[PDB]
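Colleague: Coordinates in target-v6.txt, compact mmCIF, C-alpha atoms and all ligand atoms, are listed below.
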```txt
# COMPACT_ATOMS: atom_id res chain seq x y z
CA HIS A 3 0.00 0.00 0.00
CA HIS A 4 2.17 2.86 1.41
CA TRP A 5 4.06 3.85 4.60
CA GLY A 6 3.89 2.66 8.16
CA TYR A 7 5.89 1.53 11.14
CA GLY A 8 6.60 -2.12 10.41
CA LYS A 9 9.76 -3.87 9.29
CA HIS A 10 8.60 -3.61 5.62
CA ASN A 11 7.27 -0.07 5.46
CA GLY A 12 8.74 1.68 8.47
CA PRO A 13 11.15 4.54 9.02
CA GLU A 14 14.14 2.82 7.33
CA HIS A 15 12.10 2.66 4.10
CA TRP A 16 10.58 6.12 4.09
CA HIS A 17 13.42 7.77 2.17
CA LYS A 18 12.54 5.85 -1.07
CA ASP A 19 9.23 7.67 -1.50
CA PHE A 20 10.22 10.74 0.58
CA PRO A 21 13.86 11.54 -0.08
CA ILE A 22 13.73 14.51 2.31
CA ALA A 23 13.93 11.78 4.99
CA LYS A 24 17.73 12.14 4.70
CA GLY A 25 17.57 16.02 4.70
CA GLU A 26 19.21 18.67 6.80
CA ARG A 27 16.39 19.44 9.23
CA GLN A 28 14.68 16.19 10.08
CA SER A 29 12.84 15.34 13.28
CA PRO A 30 12.76 14.00 15.87
CA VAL A 31 16.15 14.52 17.52
CA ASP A 32 17.92 13.75 20.72
CA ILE A 33 17.97 16.74 23.00
CA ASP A 34 21.38 16.82 24.65
CA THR A 35 20.77 18.91 27.79
CA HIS A 36 24.46 19.63 28.24
CA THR A 37 24.71 21.13 24.70
CA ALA A 38 21.37 23.02 24.54
CA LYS A 39 22.04 26.67 25.41
CA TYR A 40 19.78 29.02 27.36
CA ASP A 41 18.64 31.80 25.02
CA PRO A 42 17.75 34.71 27.31
CA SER A 43 15.97 36.52 24.46
CA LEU A 44 13.33 33.73 24.00
CA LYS A 45 9.89 34.82 25.17
CA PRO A 46 7.51 32.85 27.33
CA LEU A 47 5.16 30.75 25.35
CA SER A 48 1.66 31.94 24.99
CA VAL A 49 -0.75 29.04 24.88
CA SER A 50 -4.20 30.50 24.29
CA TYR A 51 -6.62 27.60 24.25
CA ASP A 52 -9.65 29.11 26.05
CA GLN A 53 -11.82 29.13 22.85
CA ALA A 54 -10.57 25.74 21.52
CA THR A 55 -13.24 23.99 19.57
CA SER A 56 -12.66 20.25 19.21
CA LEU A 57 -14.69 18.42 16.61
CA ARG A 58 -13.81 14.83 16.00
CA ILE A 59 -11.44 11.97 16.79
CA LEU A 60 -10.16 9.83 13.90
CA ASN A 61 -8.08 6.63 13.67
CA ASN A 62 -5.98 7.32 10.53
CA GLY A 63 -4.09 4.02 10.53
CA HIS A 64 -0.94 5.58 12.06
CA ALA A 65 -2.26 7.20 15.24
CA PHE A 66 -5.44 8.91 16.27
CA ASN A 67 -5.99 12.59 15.70
CA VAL A 68 -8.24 14.84 17.73
CA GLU A 69 -9.27 17.61 15.26
CA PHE A 70 -10.14 21.25 15.95
CA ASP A 71 -11.97 24.00 14.18
CA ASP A 72 -9.18 26.21 12.78
CA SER A 73 -11.39 28.44 10.53
CA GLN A 74 -10.67 31.37 12.91
CA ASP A 75 -8.28 32.22 15.75
CA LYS A 76 -9.84 30.18 18.54
CA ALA A 77 -6.96 28.10 19.93
CA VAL A 78 -3.55 29.57 19.18
CA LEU A 79 0.09 29.41 20.08
CA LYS A 80 2.23 32.53 20.03
CA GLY A 81 5.42 33.81 21.54
CA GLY A 82 8.46 31.81 22.40
CA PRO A 83 10.51 31.33 19.23
CA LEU A 84 7.51 32.14 17.03
CA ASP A 85 6.66 35.21 15.00
CA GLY A 86 2.94 35.63 14.57
CA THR A 87 0.07 33.35 15.29
CA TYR A 88 -0.23 29.62 14.92
CA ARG A 89 -3.67 27.94 14.99
CA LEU A 90 -4.25 24.56 16.66
CA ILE A 91 -5.54 22.07 14.10
CA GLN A 92 -5.03 18.68 15.73
CA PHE A 93 -3.28 16.66 18.33
CA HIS A 94 -2.06 13.08 18.34
CA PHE A 95 0.33 10.86 20.19
CA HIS A 96 3.17 8.44 19.49
CA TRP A 97 3.65 5.53 21.85
CA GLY A 98 5.40 2.26 22.45
CA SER A 99 4.71 -1.40 23.03
CA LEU A 100 6.53 -1.13 26.38
CA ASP A 101 6.87 1.71 28.90
CA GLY A 102 10.57 2.33 28.03
CA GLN A 103 9.98 3.46 24.46
CA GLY A 104 7.44 5.41 22.45
CA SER A 105 8.57 9.04 22.43
CA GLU A 106 10.03 10.49 19.26
CA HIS A 107 12.26 13.07 20.87
CA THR A 108 14.63 11.80 23.50
CA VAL A 109 16.40 13.70 26.33
CA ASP A 110 20.01 12.69 26.82
CA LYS A 111 18.98 9.47 24.98
CA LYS A 112 16.09 8.82 27.45
CA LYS A 113 12.95 7.57 25.80
CA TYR A 114 9.58 8.30 27.30
CA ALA A 115 6.52 5.98 27.12
CA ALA A 116 4.81 8.36 24.74
CA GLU A 117 4.78 11.82 23.21
CA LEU A 118 1.93 14.21 22.58
CA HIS A 119 2.05 16.55 19.54
CA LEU A 120 -0.13 19.58 19.44
CA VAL A 121 0.01 20.68 15.82
CA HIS A 122 -0.36 24.35 14.76
CA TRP A 123 -0.07 26.22 11.47
CA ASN A 124 0.99 29.76 10.68
CA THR A 125 -2.11 31.89 9.89
CA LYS A 126 -0.10 34.13 7.55
CA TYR A 127 -0.28 31.34 4.94
CA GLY A 128 -4.08 31.22 5.02
CA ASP A 129 -4.67 27.50 5.24
CA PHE A 130 -2.86 24.45 6.60
CA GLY A 131 -2.13 22.98 3.16
CA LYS A 132 -0.20 26.06 2.13
CA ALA A 133 1.49 26.47 5.52
CA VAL A 134 3.06 22.98 5.40
CA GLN A 135 5.04 24.04 2.32
CA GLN A 136 6.76 26.89 4.16
CA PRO A 137 9.88 26.70 6.41
CA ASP A 138 7.94 28.56 9.16
CA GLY A 139 4.59 27.03 8.35
CA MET A 140 4.10 24.82 11.40
CA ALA A 141 4.71 24.80 15.12
CA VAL A 142 4.36 21.60 17.07
CA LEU A 143 4.21 21.59 20.80
CA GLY A 144 5.69 18.30 22.04
CA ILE A 145 5.01 16.93 25.52
CA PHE A 146 6.50 13.77 26.98
CA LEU A 147 4.36 11.19 28.85
CA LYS A 148 5.72 9.03 31.61
CA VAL A 149 3.80 6.34 33.40
CA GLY A 150 2.65 7.32 36.90
CA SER A 151 -0.59 8.84 38.21
CA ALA A 152 -3.45 9.13 35.80
CA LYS A 153 -3.87 12.34 33.82
CA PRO A 154 -7.49 13.36 34.41
CA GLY A 155 -7.50 15.55 31.29
CA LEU A 156 -6.69 12.54 29.15
CA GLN A 157 -9.39 10.28 30.34
CA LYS A 158 -12.10 11.48 27.90
CA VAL A 159 -9.68 10.57 25.10
CA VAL A 160 -9.04 7.10 26.60
CA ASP A 161 -12.82 6.59 27.04
CA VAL A 162 -13.56 7.02 23.32
CA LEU A 163 -10.80 4.81 21.89
CA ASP A 164 -13.02 1.68 21.81
CA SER A 165 -15.22 3.49 19.31
CA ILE A 166 -12.38 4.17 16.84
CA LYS A 167 -10.57 0.89 17.08
CA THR A 168 -9.68 0.50 13.43
CA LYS A 169 -8.33 2.64 10.60
CA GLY A 170 -10.89 5.03 9.12
CA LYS A 171 -13.14 5.06 12.14
CA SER A 172 -14.11 8.42 13.59
CA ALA A 173 -16.26 9.71 16.40
CA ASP A 174 -17.72 13.03 17.46
CA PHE A 175 -15.39 14.66 20.00
CA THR A 176 -16.74 18.05 20.80
CA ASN A 177 -16.14 20.16 23.92
CA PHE A 178 -12.72 18.72 24.74
CA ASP A 179 -10.33 21.07 26.55
CA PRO A 180 -6.71 20.58 25.46
CA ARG A 181 -5.51 22.65 28.46
CA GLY A 182 -5.87 19.54 30.57
CA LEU A 183 -3.03 17.84 28.71
CA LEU A 184 -0.39 20.37 29.75
CA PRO A 185 2.15 20.03 32.51
CA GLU A 186 2.50 22.86 35.08
CA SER A 187 5.64 24.37 33.54
CA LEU A 188 5.89 25.81 30.03
CA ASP A 189 9.74 25.72 30.04
CA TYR A 190 10.87 24.40 26.72
CA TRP A 191 13.50 23.49 24.20
CA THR A 192 13.24 24.69 20.60
CA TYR A 193 14.79 23.84 17.26
CA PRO A 194 13.92 23.90 13.55
CA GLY A 195 12.79 20.59 12.18
CA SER A 196 10.29 18.55 10.28
CA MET A 197 7.14 16.46 10.35
CA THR A 198 8.04 13.13 11.91
CA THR A 199 5.84 11.17 9.49
CA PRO A 200 5.66 11.19 5.74
CA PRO A 201 5.82 13.52 3.86
CA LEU A 202 8.50 14.63 6.36
CA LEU A 203 8.28 18.30 5.28
CA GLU A 204 10.87 20.64 6.78
CA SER A 205 8.32 23.11 7.93
CA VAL A 206 8.15 22.82 11.71
CA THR A 207 9.36 24.91 14.66
CA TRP A 208 9.56 22.36 17.41
CA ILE A 209 8.76 23.43 20.93
CA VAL A 210 9.34 20.53 23.31
CA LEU A 211 8.33 20.98 26.95
CA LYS A 212 10.92 20.13 29.66
CA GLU A 213 8.31 18.75 32.10
CA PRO A 214 6.60 15.49 31.16
CA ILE A 215 3.03 14.72 32.08
CA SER A 216 2.18 11.60 34.00
CA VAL A 217 -0.37 9.13 32.70
CA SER A 218 -1.43 5.84 34.21
CA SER A 219 -0.45 2.38 33.06
CA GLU A 220 -4.17 1.77 32.33
CA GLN A 221 -4.39 4.87 30.19
CA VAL A 222 -1.39 3.93 27.94
CA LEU A 223 -2.60 0.31 27.88
CA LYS A 224 -5.77 1.49 26.16
CA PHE A 225 -3.73 3.33 23.49
CA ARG A 226 -2.04 -0.01 22.79
CA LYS A 227 -5.41 -1.67 22.07
CA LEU A 228 -6.00 0.41 19.02
CA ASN A 229 -5.48 -1.16 15.58
CA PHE A 230 -3.44 -0.08 12.55
CA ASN A 231 -5.66 -2.20 10.30
CA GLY A 232 -9.11 -1.54 8.95
CA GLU A 233 -12.28 -3.31 10.08
CA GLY A 234 -12.51 -6.83 8.68
CA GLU A 235 -8.70 -7.07 8.28
CA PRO A 236 -6.27 -9.16 10.34
CA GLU A 237 -5.60 -7.40 13.74
CA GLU A 238 -2.29 -5.48 14.05
CA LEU A 239 -2.02 -3.61 17.32
CA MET A 240 -1.20 0.14 17.03
CA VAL A 241 2.04 0.22 19.01
CA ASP A 242 5.52 1.63 18.31
CA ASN A 243 4.30 4.36 16.02
CA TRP A 244 7.35 6.55 16.55
CA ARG A 245 10.30 7.53 14.36
CA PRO A 246 13.72 7.28 15.99
CA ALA A 247 15.99 10.28 16.53
CA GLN A 248 17.59 11.79 13.36
CA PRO A 249 20.99 13.50 12.93
CA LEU A 250 21.09 17.04 14.35
CA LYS A 251 23.39 18.26 11.56
CA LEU A 252 24.68 21.24 13.49
CA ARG A 253 21.30 22.82 14.13
CA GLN A 254 21.27 24.32 17.62
CA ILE A 255 18.70 23.45 20.24
CA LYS A 256 17.85 26.43 22.48
CA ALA A 257 16.46 26.36 25.97
CA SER A 258 13.96 28.79 27.43
CA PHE A 259 15.29 28.20 30.90
CA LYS A 260 18.55 28.35 32.82
ZN ZN M 1 3.52 13.51 15.81
```
What would the structure in this file look like if it were written as structure tokens?
Ligand SMILES: [Zn+2]

Modeller:
Amino acid sequence: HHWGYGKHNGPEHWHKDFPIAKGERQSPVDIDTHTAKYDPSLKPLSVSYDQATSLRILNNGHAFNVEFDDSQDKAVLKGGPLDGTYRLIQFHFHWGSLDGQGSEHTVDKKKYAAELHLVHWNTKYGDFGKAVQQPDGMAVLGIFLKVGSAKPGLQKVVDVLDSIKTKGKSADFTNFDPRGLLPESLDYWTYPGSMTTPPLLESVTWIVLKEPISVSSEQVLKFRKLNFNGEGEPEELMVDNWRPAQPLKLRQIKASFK
């Protein structure tokens, strides 16, 4: 068919259809905390999600996406490394088959159980399709998940996963508040990178939060019960849907904090 995360269609194969896979600004990366430098000129992040309008949750065969209404400025990210206004369009996760793997970014080679991506696009380009073709078209807010206490703000997501078990299934998901997925601190690392899935476009300002959120073993277990396959197809559990760390290539990772 096309791309995925298995032995036969996974990250080692992506470069054949998407040669930018071997480019100069690919993501994810390892964040070396000893080499990242505090940038005193970086602003605090402004996460403005009060008017966020969620719509729908969709199993797309790679992950699940929670989609938002991005027709107007309702949920936006501004400040930090960003110029202008980036609209929230969707969030999704990457996760592992085991608690010691699943994040895309790593911190001093440490892998987290999962990683949340809140995906935003630059309103100066008018729509998301145009924005993804621009070097400053996207901003993705990345948050690590470790296994611990349950995250109450995640539970409505966990609750609905039974209803979108297989690829192509969707469900109504209105009135979800993405603010409940955030850790306390908005300290972050930032670097220029790419989409971590095909088409791997080099169009993302990455903003990765220093503080992970804690989720429960039961919560991540339910993510692992999803399927990559469509209904009526042989079951393949949706696990290990992460790309490993890519060469930094002399990009610099900046820290918002001392
Ligand atoms: Zn992602």

Colleague: For region 236-247 of chain A, work out the shell of residues within 8 Å, counting all atoms listed in the file and skipping chain neighbours fewer than 3 positions away, then give it as a ChimeraX atom specification.

Modeller: /A:7,13,29-32,64-65,96-99,103-108,198-199,225-231

Colleague: Go ahead and compute the interatomic distance for CA of residue 190 (chain A) and CA of residue 204 (chain A), in Å to one decimal.

Modeller: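 Between these atoms lies a distance of 20.3 Å.
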
Colleague: Write out as number ranges by chain the residues lying within 10 Å of residue 154 (chain A), counting only C-alpha atoms and excluding same-chain residues fewer than 4 positions away.

Modeller: A: 158-159, 182-183, 216-218, 221

Colleague: Quick one: of A:173, A:184, A:252, A:116, who's nearest to ligand ZN 1 (chain M), counting all atoms listed in the file?

Modeller: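 For ligand ZN 1 (chain M), the nearest of the given residues is A:116.
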
Colleague: Have a look at A:161, A:110, A:72, A:174 and name the one nearest to residue 58 (chain A); count all atoms listed in the file.

Modeller: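 For residue 58 (chain A), the nearest of the given residues is A:174.
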
Colleague: Neighbours of residue 143 (chain A) within 8 Å (only C-alpha atoms; same-chain residues fewer than 5 positions away dropped), as a VMD selection string?

Modeller: chain A and resid 118 to 121 208 to 211

Colleague: Tell me, as a list in words, which residues lie within 8 Å of region 22-28 of chain A, counting only C-alpha atoms; anything in the same chain fewer than 5 positions away does not count.

Modeller: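 Those residues are residues 16, 17, 194, 195, 196, 197, 198, 202, 203, 204, 248, 249, 250, 251 and 253 of chain A.
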
Colleague: Could you save the residues just selected, with C-alpha atoms, as a CSV table (one decimal), in the frame of the given file?

Modeller:
```csv
chain,number,residue,atom,x,y,z
A,16,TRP,CA,10.6,6.1,4.1
A,17,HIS,CA,13.4,7.8,2.2
A,194,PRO,CA,13.9,23.9,13.6
A,195,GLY,CA,12.8,20.6,12.2
A,196,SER,CA,10.3,18.6,10.3
A,197,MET,CA,7.1,16.5,10.4
A,198,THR,CA,8.0,13.1,11.9
A,202,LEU,CA,8.5,14.6,6.4
A,203,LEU,CA,8.3,18.3,5.3
A,204,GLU,CA,10.9,20.6,6.8
A,248,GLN,CA,17.6,11.8,13.4
A,249,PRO,CA,21.0,13.5,12.9
A,250,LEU,CA,21.1,17.0,14.4
A,251,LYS,CA,23.4,18.3,11.6
A,253,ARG,CA,21.3,22.8,14.1
```

Colleague: Of the candidates A:214, A:232, A:144, A:139, which one gets nearest to ligand ZN 1 (chain M) if we count all atoms listed in the file?

Modeller: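 Of A:214, A:232, A:144, A:139, the one nearest ligand ZN 1 (chain M), counting all atoms listed in the file, is A:144.
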
Colleague: For a cutoff of 8 Å around the file-coordinate point (16.8, 27.6, 21.5), which residues qualify once you count all atoms listed in the file? I'd like the result as a list in words.

Modeller: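 The answer, in the requested form, is residues 38, 39, 40, 41, 44, 83, 191, 192, 193, 254, 255, 256, 257 and 258 of chain A.
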
Colleague: Deliver the residues from the most recent selection as a file, using C-alpha atoms, as a PDB file, in the frame of the given file.

Modeller:
```pdb
ATOM      1  CA  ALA A  38      21.370  23.020  24.540  1.00  0.00           C
ATOM      2  CA  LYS A  39      22.040  26.670  25.410  1.00  0.00           C
ATOM      3  CA  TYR A  40      19.780  29.020  27.360  1.00  0.00           C
ATOM      4  CA  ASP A  41      18.640  31.800  25.020  1.00  0.00           C
ATOM      5  CA  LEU A  44      13.330  33.730  24.000  1.00  0.00           C
ATOM      6  CA  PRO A  83      10.510  31.330  19.230  1.00  0.00           C
ATOM      7  CA  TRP A 191      13.500  23.490  24.200  1.00  0.00           C
ATOM      8  CA  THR A 192      13.240  24.690  20.600  1.00  0.00           C
ATOM      9  CA  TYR A 193      14.790  23.840  17.260  1.00  0.00           C
ATOM     10  CA  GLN A 254      21.270  24.320  17.620  1.00  0.00           C
ATOM     11  CA  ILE A 255      18.700  23.450  20.240  1.00  0.00           C
ATOM     12  CA  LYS A 256      17.850  26.430  22.480  1.00  0.00           C
ATOM     13  CA  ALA A 257      16.460  26.360  25.970  1.00  0.00           C
ATOM     14  CA  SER A 258      13.960  28.790  27.430  1.00  0.00           C
TER      15      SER A 258
END
```

Colleague: Hey, what's within 7 Å of residue 49 (chain A) if we count all atoms listed in the file and toss same-chain stuff fewer than 3 positions away? As a ChimeraX atom specification, please?

Modeller: /A:78-80

Colleague: Using all atoms of region 213-229 of chain A that appear in the file, construct an axis-aligned enclosing box with 5 Å of padding on every side and provide its centre coordinates and edge lengths in Å, rounded to one decimal, as JSON.

Modeller:
```
{"center_x": 1.2, "center_y": 8.5, "center_z": 24.9, "size_x": 24.3, "size_y": 30.4, "size_z": 28.6}
```

Colleague: Using only C-alpha atoms, which of the listed residues (A:185, A:234, A:86, A:201) sits closest to residue 138 (chain A)?

Modeller: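 That would be A:86, the residue with the smallest distance to residue 138 (chain A).
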
Colleague: In Å, rounded to a single decimal, give me how far CA of residue 153 (chain A) is from CA of residue 207 (chain A).

Modeller: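 Rounded to one decimal, the two atoms are 26.5 Å apart.
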
Colleague: Please report the interatomic distance between CA of residue 21 (chain A) and CA of residue 115 (chain A) in Å with one decimal.

Modeller: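 These two atoms are separated by 28.7 Å.
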